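*Asks:* All I have is the shape, not the residue letters:
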């Protein structure tokens, strides 16, 4: 018995579609992730509502997805909406139109549910021979960044969430709020940094991040920076997924690209055209989250974290796996 489900993850910078088969032995890809960087959360941090052109870019993507889904029968579809939709005061209008295009009304899940699913998606395939738990998963999105940590596998299962928090900082939100100059000035960077560390302080009061022995980073910013640190001339998910990057290499690319002009960034084809404008915001968030989790680890059990593993499996996989296994019961 196995159901074939379709999943859509609608974030702040992009919207993704994935369709797969799900049974007792995990999931089996039918349609590997289709990415459309529609920037639906553009200016939402300031305006608190979706812009007309954003809405429209989303409907264009939606209609294409409806087309892809209609090319293979499915037992169900779950459309998940995150940060950008949580903040948009005109979200109902948005949901009303996606509902008539895809048949399903989008779900605006809270920040902790987003973290739970993201942890599921990234942790259901890790190789225990290579990565020691607790697993701390960082989903750095356009508008939100969640920190989720599981058990060490002794006092509690490695797949059971021990702490989860969704911070309201992201690659998009931080760029629009602080990094206004091309390239950003030291003063803008310092203000982005100060804003990020304050959110981390709040997050740490909830998530005991110092228990981490392995940092898994998911989403656009992490994978792109990792691809850049590897010297890739064009993006290639197969080589980035599961790659361990040292903190030294991570701080270095993060800083180079942060301080880079948008014209300079474009020379690197590995960076999706739709991420070039906000990569600076992701660089600052990522570097600070890494530095803070490391310090928290050394204080917790006397060991600093000096690397992280990039993963191409995040919220989407969690969506399709959860929904799938949820249908295989009801």
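*Replies:* Nice, thanks for sending it over. Numbering: from 1, shown residues only.

*Asks:* For the stretch 101-250 of the chain, which segments count as helices?
*Replies:* For the stretch 101-250 of the chain, the helices defined by DSSP state H, counting those that start in this stretch occupy 111-123, 171-177, 186-204, 220-229, 237-240, 247-258.

*Asks:* For the nearest residue to residue 141 once chain neighbours are set aside, which residues are in contact?
*Replies:* Excluding its sequence neighbours, the residue lying closest to residue 141 (C-beta to C-beta, 6 or more residues apart in numbering) is residue 170, at 4.9 Å. Quick note: C-beta positions are derived from backbone N, CA and C, even for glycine. Going by C-beta atoms under 8 Å, 6 or more residues apart in numbering, residue 170 touches 12, 83, 140, 141, 142, 143, 144, 145, 281, 282, 285.

*Asks:* which ones are touching the second one?
*Replies:* Put plainly, it is residue 83. 11, 12, 41, 141, 142, 143, 144, 168, 170, 173.

*Asks:* now the last one
*Replies:* With contact taken as C-beta under 8 Å, 6+ apart, residue 285 is in contact with 140, 145, 169, 170, 171, 174, 196, 221.

*Asks:* one more time with 10 Å, if that's ok
*Replies:* If you count contacts by C-beta atoms under 10 Å, 6 or more residues apart in numbering, residue 285 has them with 138, 140-141, 145, 167, 169-171, 173-175, 192-193, 195-196, 199-200, 221, 254.

*Asks:* so how far is stretch 106-117 off the chain centroid?
*Replies:* Counting by C-alpha atoms, centre = their mean, to the nearest Å, stretch 106-117 is centred 12 Å from the centre of its parent chain.

*Asks:* List the buried residues of it.
*Replies:* The neighbour-count check on stretch 106-117 (16 or more other C-beta atoms under 10 Å) flags 106, 107, 108, 109, 111, 112, 113, 114, 115, 116, 117 as buried.

*Asks:* If I follow the layout properly, the fourth one ends up in contact with residue 116?
*Replies:* So that's residue 109. Yes. Contact criterion C-beta atoms under 10 Å: residue 109 and residue 116 qualify, at 9.1 Å.

*Asks:* what residues are shared contacts of these two?
*Replies:* Counting by C-beta under 10 Å, 6+ apart, the contacts common to residue 109 and residue 116 are residue 315.

*Asks:* So this protein: which segments form each domain?
*Replies:* Following curated CATH domains, one finds the domains of the chain at 1-126, 127-330.

*Asks:* how far does the longest one stretch from start to finish?
*Replies:* In this case it means domain 127-330. End-to-end span of domain 127-330 (C-alpha to C-alpha, to the nearest Å): 30 Å.

*Asks:* Repeat that for the first one.
*Replies:* With C-alpha to C-alpha as the measure, domain 1-126 spans 25 Å from end to end.

*Asks:* from the chain's centre, how far out does it sit?
*Replies:* Taking mean C-alpha positions (C-alpha atoms, centre = their mean), domain 1-126 and its chain are 12 Å apart.

*Asks:* for the longest one, same thing?
*Replies:* For domain 127-330, the distance between its averaged C-alpha position and the chain's averaged C-alpha position is 8 Å (C-alpha atoms, centre = their mean).

*Asks:* and the angle for the top helix by length along the chain with helix 186-204?
*Replies:* Within the chain, and with DSSP state H defining each element, the longest helix by residue count is helix 279-301. Orientation check (axes from the mean of the first three to the mean of the last three C-alpha atoms, to 10 degrees): helix 279-301 against helix 186-204 gives 40 degrees.

*Asks:* Could I get the buried residue list for helix 279-301?
*Replies:* Across helix 279-301, burial judged by 16+ other C-beta under 10 Å covers 279-294, 296-297.

*Asks:* Partner strands of the next helix or strand after that helix and their direction?
*Replies:* The helix or strand immediately downstream of helix 279-301 is strand 307-311, counting by DSSP states H and E. Neighbouring strands of strand 307-311 in its sheet, by DSSP bridges, are strand 214-218 (parallel), strand 244-246 (antiparallel).

*Asks:* which of those is buried the deepest?
*Replies:* Scoring these by mean neighbour count under mean count of other C-beta atoms under 10 Å gives strand 214-218 as the most buried, with a mean of 25.

*Asks:* could you check the angle helix 247-258 makes with that one?
*Replies:* Orientation check (the same axes, to 10 degrees): strand 214-218 against helix 247-258 gives 30 degrees.

*Asks:* Tell me the bridge partners for residue 166.
*Replies:* In beta-bridge terms (that is, DSSP bridges), residue 166 pairs with residue 146.

*Asks:* Just send the contacts of residue 170 back as a markdown table, with distance to residue 56 too.
*Replies:* Shown next, in a markdown table, are the contacts of residue 170 (distance: C-beta to C-beta, whole Å):
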| residue | distance to residue 56 |
| --- | --- |
| 12 | 16 |
| 83 | 20 |
| 140 | 27 |
| 141 | 22 |
| 142 | 18 |
| 143 | 19 |
| 144 | 23 |
| 145 | 27 |
| 281 | 24 |
| 282 | 25 |
| 285 | 28 |
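
*Asks:* That concludes my questions; thank you for your assistance.
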